[PDB]
Every structure is written in C-alpha cells, then in structure tokens.
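# Topology and contacts: notes
Each chain, letter by letter, is given below.
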2 protein chains.
Amino acid sequence: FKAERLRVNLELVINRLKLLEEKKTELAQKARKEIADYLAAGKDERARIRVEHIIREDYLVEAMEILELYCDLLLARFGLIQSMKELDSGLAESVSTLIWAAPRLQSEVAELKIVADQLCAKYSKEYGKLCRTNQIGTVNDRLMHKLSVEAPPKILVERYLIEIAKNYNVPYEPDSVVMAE
Amino acid sequence: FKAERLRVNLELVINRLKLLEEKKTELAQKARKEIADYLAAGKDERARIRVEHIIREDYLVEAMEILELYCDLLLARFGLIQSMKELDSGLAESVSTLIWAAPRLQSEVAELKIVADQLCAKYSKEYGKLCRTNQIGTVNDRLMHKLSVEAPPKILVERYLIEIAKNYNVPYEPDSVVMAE
C-alpha cells in the first residue's frame, strides 16, 4: 500500500496537531478571559457552558498529546513492522487506541482517513470489519476518559470555576450541595 | 558494460555521501537541541522516539562511512579487477556487504541502482539471481549491526538519554529496572 503517502500524512497530522494545539491554546486563553467576563457578568451558568466547552477542549488536548505520542512511536517502527505482516504487542495498545479513536478523529483530520485505511490495509489478523473491532479492545482507557463525553462532577466543574475565580479573580459560590459533593 | 557511467556514478555517490553526512549532521545538531527541549519539556518518551530516530540515523552514519571506505577501495582496483572477470577475495567482503546492503540502499541513492546492475553485469561466478545471493553471505557483520533495525537496549537508550542529559544538562531519570538492565 501507499505507505509513504501514509507517512507524509502522519507528518501532516503531527504538524496540524501542533498547529491546532497552538491555535486552540490561543483562543482558549482569550476564551478564559471571556469566561472571566461571563462569570463576572451575571450568568455564571453561561460561563458554565462555556467552560464545559473548554474542559471538553482540554480533554481533546490531552487526547491529542497521547495520540501524538502514539503516532510518533508507530512512526519509529515504520520499516520494522512493515517487514512484519501482523501487528505486534508492543504496538497493540497504540494501534487499538488509534483504531478506536480514529472514527472519533475521522472528522478532525482527513489524513487519518488514509491512515486508518492503510492500517486496515496493513493487517487482517485481528484486522478488518470485526477482526479490527476485535483487536481494538486494547484501547487506552485513560485516553478513553480523555475521550469520554460526559459532564464532569459538579464538584469538579465547581472546582474549575473556583480555580478560575481564583486565577481570574471573580467571586464564585459553588452550589453547596455540589460543593460538598 | 558502462563502467565509467558506473565510475562517475560512484563519484556522485561519494559526493552525496559527504553531502548527506554533512546535512544530517547539521539537522542532527538542531534535533539534539530539540531533543533537549522535549526532554526538558515533559514527554521524555517523545524525546525517546526522537532520539530513537537519531540513533537510527547514527547507525546510518556509521554504515555510510563503512561503505564509503568500501566503494573507495573498490574504486582503487577498478581497472585491475576489470582485467579480471570474477571477483577476488580481497574485495569479496566489500562486494558481499555492498550487494547485501544495496537493496537497503536502493532507495537512498539512484546511482547505486546502476552500480549494483553493473556489479551483477560484471560477474556471474557467485553472481546473478541466487549465485549473487550465495556470494553475498560475506557481508560485514559490523555493518550488519550498523544496518540492523532494532531497539537498542533500554539501558543503552537510557545511557544515550543520560549522556544527552549530561551534555545538554536536563534531568533524566532512567527506569531503574532498565537502568539496572
């Protein structure tokens, strides 16, 4: 298969990973001053949704870094496992997590479309329609938490609002039922 | 056969060997400061993959120098063995190592394509499809180690990280199970 198209794809993935990380950092700083505005100005719940979007983004940041490590370590053993024909256990975790998150990351990046195709084009043993679904069970559970879509515990969203109000110097009063939870 | 096309090919091989050696040296210095950055900044494992790529490159550097010696010594006896019709034992090691590494070096250089063709065009005794495969068994095992694709022992990758942290003055703590291994 097109393994150097795959490789330069990965390189662009890494480049855009860095770029998007940086851009989202920038706008996240602006948005944190903005959240200081919303919290300072009335609807802390509006700021609560804003910071929900932000903590979502931060889950994405952490997941981005984890998978950046994964694509880079897979890139290390390009020719080596390319000599092989099945995936090894040393890369089974990375491959499983990547295969699992790839559909979640299909939209975020178009290179990864080809990266996943070439992955599945690379293997059939524990690879394919369901065989790939069988081998993908070794996905990183930590990334899974960093890729879980949920409301954080309102004690923690309150703590994010508290540490924001700390860092950004607004008055925040958590809901004591949740501030105790 | 085209033995002076072969010869100027070899000359370009040597020229680009020097050039690529120099360029990879330059960017390797930049990449070593960069590895000092990654090690200094968080993911030492990211730096670990980076320095895995680098130590791979250094295996390539050493292999490059070895084969540079080989092509130059073969160049010394151009007309002499050209008078002969089979390869001699004095060049059997160099020829075997070159024939063996040439497919690994097919991609790195396009001149060597012709150099290998003209090599096989030079000989049939222990030369050809499998006869060349038979005579290539005298490849340099040291270069073979410098052309082996493997993970170095993690005590040694830790030692490379330790001597980098020494030279580049970052804090590195090897995995004591591997730092003892």
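### Overview of the overall build of chain A
- The helix and strand tally for chain A stands at 9 helices and 0 strands.
- Its C-alpha atoms give chain A a radius of gyration of 20 Å, more than 25% over the compact-globule value 16 Å for 181 residues.
- Judged by the C-alpha coordinates and their principal axes, chain A covers about 60 × 30 × 20 Å.
- Of the contacts made within chain A by residues no fewer than 6 positions apart, 71% connect residues no fewer than 24 positions apart.

### A short note on the interface of chain A and chain B
- In this assembly, 9 residues from chain A lie in contact with 9 residues from chain B.
- Of the residues forming the side of chain A that touches chain B, the biggest block, 6 residues, is contributed by helix α2 (residues 44-76) of chain A.
- Class assignment for the residues of the side of chain A that touches chain B results in 6 nonpolar, no polar and 3 charged.

### Topic: the environment of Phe 78 of chain A
Residue and element names in this part refer to chain A.
- Within the secondary structure, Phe 78 is located in helix α3 (residues 78-83).
- Taking the C-alpha atoms as reference, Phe 78 lies 30 Å from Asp 58; in sequence the two are 20 residues apart.
- Beyond its immediate chain neighbours, meaning those up to four positions away, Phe 78 contacts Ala 3 and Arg 7.

### Let's talk about helix α8 (residues 154-168) of chain B
- Its 15 residues place the ends of α8 of chain B 20 Å apart at the C-alpha level, agreeing with the 21 Å of an ideal helix rising 1.5 Å per residue.
- The first or second residue beyond α8 of chain B is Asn 169 of chain B, which carries a positive phi of 65°.

### So, unusual backbone geometry
- Its identity as a non-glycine residue notwithstanding, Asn 169 of chain A has a phi of 65°, on the positive side.
- By the element assignment, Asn 169 of chain A lies in the loop between α8 (154-168) and α9 (176-180).

### Overview of the packing of helix α2 (residues 44-76) of chain B against α8 of chain B
Residue and element names in this part refer to chain B.
- Their axes nearest at 11 Å, the elements α2 and α8 cross at an angle of 100°. For the element pair α2 / α8, the angle class is roughly perpendicular. Across from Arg 48, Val 51 and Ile 55 in α2, the residues of α8 making contact are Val 157, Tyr 160, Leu 161 and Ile 164.

### Topic: the packing of helix α1 (residues 3-40) of chain A against α8 of chain A
Residue and element names in this part refer to chain A.
- The contact between α1 and α8 brings their axes to 10 Å, and the two run at 95°. Here α1 is positioned roughly perpendicular relative to α8, judged by the angle of their axes. Contacts between α1 and α8 pair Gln 29, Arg 32, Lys 33, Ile 35, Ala 36 and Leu 39 from the former with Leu 161, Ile 164 and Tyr 168 from the latter.
- Each residue belonging to the contact of α1 with α8 can be placed in one class, and the counts come to 6 nonpolar, 1 polar and 2 charged.

### Digging into the pattern of salt bridges
All names here are of chain A.
- Between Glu 57 and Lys 24 there is a salt bridge, and its shortest N-O distance comes to 3.4 Å. Remark: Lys 24 occurs in helix α1 and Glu 57 occurs in helix α2; sequence separation between them is 33 residues.
- Between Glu 34 and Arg 50 there is a salt bridge; the shortest N-O distance is 3.7 Å. Here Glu 34, found in helix α1, pairs with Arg 50, found in helix α2; they are 16 residues apart in sequence, far enough to count as distant.

### Quick word on the environment of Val 170 of chain A
- Tracing the chain through its elements places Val 170 of chain A in the loop between α8 and α9.
- Along the primary structure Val 170 of chain A and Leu 10 of chain A are separated by 160 residues, whereas in three dimensions their C-alpha atoms are 43 Å apart.

The rules behind the values
Residues numbered from 1 in each chain as written, not as in the entry; some residues may be left out. Chains lettered and ligands numbered in written order. Part of a larger assembly, values for the part shown. Heavy atoms only, no water. Residues with missing side-chain atoms left out of burial classes, pairs and counts. Helix = DSSP H or I, 4+ residues; strand = E, 2+ residues; numbered from the N terminus. Rg over C-alpha atoms; globule rule 2.2 N^0.38 Å. Contact = heavy atoms within 4.5 Å. Nonpolar A, V, L, I, M, F, W, Y, C, P; charged D, E, K, R; others polar. Expected span 1.5 Å × (residues − 1). Axes fitted to C-alpha atoms, helices over the stretch in contact; angles between N-to-C directions. Parallel < 35°, antiparallel > 145°, perpendicular 65-115°, else oblique. Salt bridge = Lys/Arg side-chain N within 4 Å of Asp/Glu carboxyl O.

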